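Some notes on the structure that comes next.
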4 protein chains.
Amino acid sequence: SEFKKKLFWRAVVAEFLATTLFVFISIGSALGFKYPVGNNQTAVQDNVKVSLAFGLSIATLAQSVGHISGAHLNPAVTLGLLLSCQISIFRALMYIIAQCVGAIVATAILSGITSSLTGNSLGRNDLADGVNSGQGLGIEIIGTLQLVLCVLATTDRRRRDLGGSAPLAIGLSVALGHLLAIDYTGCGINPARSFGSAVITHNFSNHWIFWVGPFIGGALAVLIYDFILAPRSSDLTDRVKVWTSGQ
Amino acid sequence: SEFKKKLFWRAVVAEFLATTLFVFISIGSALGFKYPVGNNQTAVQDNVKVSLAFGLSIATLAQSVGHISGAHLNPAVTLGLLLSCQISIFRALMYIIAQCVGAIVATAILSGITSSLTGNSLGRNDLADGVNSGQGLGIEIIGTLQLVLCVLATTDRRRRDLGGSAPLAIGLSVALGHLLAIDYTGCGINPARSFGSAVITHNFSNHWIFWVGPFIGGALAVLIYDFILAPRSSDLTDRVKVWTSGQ
Amino acid sequence: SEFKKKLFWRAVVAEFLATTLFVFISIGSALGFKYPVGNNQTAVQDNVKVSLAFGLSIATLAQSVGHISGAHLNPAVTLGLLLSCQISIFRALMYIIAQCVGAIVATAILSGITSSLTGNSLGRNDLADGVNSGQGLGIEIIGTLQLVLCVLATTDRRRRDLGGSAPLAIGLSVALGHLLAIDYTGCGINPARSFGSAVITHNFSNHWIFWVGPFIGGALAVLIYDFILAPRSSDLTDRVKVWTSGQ
Amino acid sequence: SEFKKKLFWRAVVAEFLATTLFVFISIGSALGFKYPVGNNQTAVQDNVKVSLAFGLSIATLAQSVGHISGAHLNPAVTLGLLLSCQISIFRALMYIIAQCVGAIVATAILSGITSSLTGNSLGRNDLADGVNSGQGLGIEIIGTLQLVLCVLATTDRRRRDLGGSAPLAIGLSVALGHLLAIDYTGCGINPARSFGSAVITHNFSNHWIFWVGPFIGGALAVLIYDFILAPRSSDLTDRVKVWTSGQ
Ligand SMILES: CC(C)CCC[C@@H](C)[C@H]1CC[C@H]2[C@@H]3CC=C4C[C@@H](O)CC[C@]4(C)[C@H]3CC[C@]12C
Ligand SMILES: CC(C)CCC[C@@H](C)[C@H]1CC[C@H]2[C@@H]3CC=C4C[C@@H](O)CC[C@]4(C)[C@H]3CC[C@]12C
Ligand SMILES: CC(C)CCC[C@@H](C)[C@H]1CC[C@H]2[C@@H]3CC=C4C[C@@H](O)CC[C@]4(C)[C@H]3CC[C@]12C
Ligand SMILES: CC(C)CCC[C@@H](C)[C@H]1CC[C@H]2[C@@H]3CC=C4C[C@@H](O)CC[C@]4(C)[C@H]3CC[C@]12C
């Protein structure tokens, strides 16, 4: 079905390109404070800068390509939309592949651009000292839960009260996730974004957190929105058809 | 009446869950600068980070659940809407109970997540040194007054000039309250948010400020908007019916 | 005419109250970094914090009272609207009186709240070292020019392309003015806001800058918008009638 | 054609004036942290402050003059719109001349205002230490690519899903570009803005980067949007007519 339609593959390519741009811009901002290189200074990360980088990247790329693909740019968001039966299983798989590959490409280009930084961590996500696996998992779950809940509400399509920029809302939710999580885990909140850094650095220590936590958060957001707060008056069996149809 | 309608209890549950998420995200951001734990650094709170955390949390959760409950997430806002006769007394009581319980639950989960921080104040609100009870009370009154005034104006329903995102407006008002009050009192501006920290820490010193000041601010905002700036052409006796009817 | 209409005086009172709230919130934010008092720390002003305080105060108060008065809260903006013949001379005079009195009241209340700060400058505007009168005047002129130009464009009423929140646009313009001018002059950009601090501190040194520069900026913005970029197809004599009529 | 129409020349003058204001405000913000002059302090640039200065300047000036000219204020954006055949070749040339001259005028006025700063670099763009020409070129290409892509999408005119403020979207994209690029290259992304500083300082070292990279980014954004993601159902030959007709 969608496999043979130009619009579907345009959406897949848009997801790939937008994820590449998002990862590159955001992680390049995160690495920015390490320059100048020679200057021996106790330069400290600016958390507001990084959070705004991620959030405004999401907002800008949503404004740019959401009408083409929905501007997921996040495997957790795609999983939320899959479980809320808004996209097909095939579209979800292709979107997640595109997001991961785009994150890998962005992080490789970034490692090329930032070659002067010694021991460049490439914005890899890991637990901060004093934060164990369960605590970082909880932080990741909550950040992804709020992001996916915002996405599910913003695109409900039963709503007539919405006003303003939906891309700005999603970008601000991403910025909020980062403001919460940068100090604890680096704020994965986006399994593809963490995967790119882990792959390029050849370091997967504690990496399962940044896949499991965001997916748990997305699943909980779907549960909360679709079955507790704003249920639909549609038989589940009918909604299941979207998985193999995309309609 | 509303006690037996599924929509009402969905709104109550939405208020509980959204208050939990808001408190957790915001206070976790506020505690973030204390990590890493072992690193002996004179790390200093970033006030813009915390203010944006609170404000963007409110904006995101409003976008997510406002159509379900109105997204009060603040006992002072609920009291403002009660005194402006927009909600019933029962809905106000249930909303405030839900907000307090959600704040308690969020702060307990956070105390679990941040166990590595010694003497974790859990973002408890107290007067800064050089600020006595009356001065902090004034700061709290003004912050809550502007927040409640913005909420009352944004939802006037007599207005045809409104544009953009109402959730963003309310979140930005919350961020403004924090930008004002973090240095003086920690910016309660939200009696449930202060109550959760006070309950979890078992410390209620100067806690009456963070209930009285926000309620005085809400009452003053109601007085200003409903009886000075934008009066309604409706007999007060009719508006009183909403308290026992919710209509 | 308007002298005997309840709506006009409601607008005047709204301008007074909103200017009071704006000045109090913003200058209280600006003074915040001096707390705690006893703590001997080389605490440094956060310019982003103060700029956002001013801008978001303007945005919130515009959302709250613009439909009641237009939410000028700035004598320079009122002068711009007077010279573009949108308000009457009487309304401009009453608005500017209300703005100045509200700024005075806010700064007095703030001086009460911040009594623990020794030598409290109360956010008074003055030239920074290395900035002479002409240079600060230029900074003030440009900041007020951009603010007044944004206000004139946002309320053109010939425009069908506008989208989003006009209050947010004006608040962001104010934030921009502060981001530019805080380091040079303290960013008056609002003669009433500077007047309140000057009156309460009993210090008027270089105060003429913060009245002249903003008025020059407003006049230049009116010239640019109304006579270079977006002229109206109306005889000037007809527009002059608004001064004595307000229509 | 347009050469003899008052609207076209009003648009050109608007581009000149708005570019002047944008450059002045933004670079004056960037130079702000060097004041006070006498105070010997290890004052450090605030990257969030500068990024917001640039972005909010673009947002405010877009709101003010976009309906008059489209508020390009950036030769790279004008080139993107030229290659997407939305403007004529003549309008593009006049706009770029106006933008460059406005940047020069703004930087000259700023050098006058900031005369107390010794060795005033006037916000000139150059490569940071550890960043060679190719790496800075890549940063510039990506920043301009995201900006131009956002502009092309926001003004597609085939879109019915857009909501909120387009000026705010473009300003936030500019802020994102700065958050990415300030630490690497000083954040050009606007060849006129870099040209003004280079001309006033009489320093053109590595200046070709800040013309080539932004134009490559704009060209790639046009390619991506117009030929990969959102193609138009119009013969290229017809679109070429706009270059000599502006229609
Ligand atoms: C979207 C694309 C076109 C933007 C980036 C393209 C160009 C400018 C970038 C991408 C990868 C970069 C290269 C990556 C790695 C290095 C190795 C280093 O020892 C010298 C510079 C060099 C050789 C870089 C030069 C600039 C470069 C070629
Ligand atoms: C919304 C929910 C599901 C997210 C948080 C859930 C999980 C990941 C969190 C919540 C409470 C957390 C626990 C709270 C307290 C402690 C005690 C400490 O000495 C070891 C870790 C441990 C045992 C935490 C592990 C992680 C934890 C179990
Ligand atoms: C909008 C209004 C109601 C909010 C502020 C009202 C109250 C809480 C404020 C306003 C002015 C304040 C007073 C101003 C000055 C001082 C003198 C100082 O040595 C002790 C505290 C004291 C006496 C303050 C106590 C608190 C105060 C009374
Ligand atoms: C848009 C315009 C009107 C705003 C700026 C205009 C005025 C206030 C500015 C622009 C250029 C400025 C001058 C530029 C250079 C210097 C040289 C210095 O040694 C003394 C101050 C002096 C002489 C400045 C005084 C103030 C000034 C005249």
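A, B, ... follow the sequence lines: proteins, then strands. Residue 1 opens every chain. Order of appearance sets the numbers: ligands from 1, and atoms from 1 within every ligand.
- Under 3.5 Å, the side chains of B:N125 and B:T185 contain no donor-acceptor pair of N or O atoms.
- Minimum heavy-atom separation, B:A76 to B:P214: CB-O, 3.6 Å.
- Near ligand 3, residues B:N132, B:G134, B:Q135, B:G138, B:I142, C:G112, C:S115 each place a heavy atom inside the 4.0 Å sphere around the ligand atoms.
- Between the side chain of B:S29 and the backbone N or O of A:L179, at least one donor-acceptor pair lies under 3.5 Å.
- Residues C:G112 and B:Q135 approach most closely at O-NE2, 3.5 Å, considering heavy atoms.
- The minimum heavy-atom distance linking B:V222 with B:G80 is given by the pair CG2-O, 3.1 Å.
- In this structure, C:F215 and C:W211 have perpendicular ring planes: the angle between them is above 60°, well past the 30° mark.
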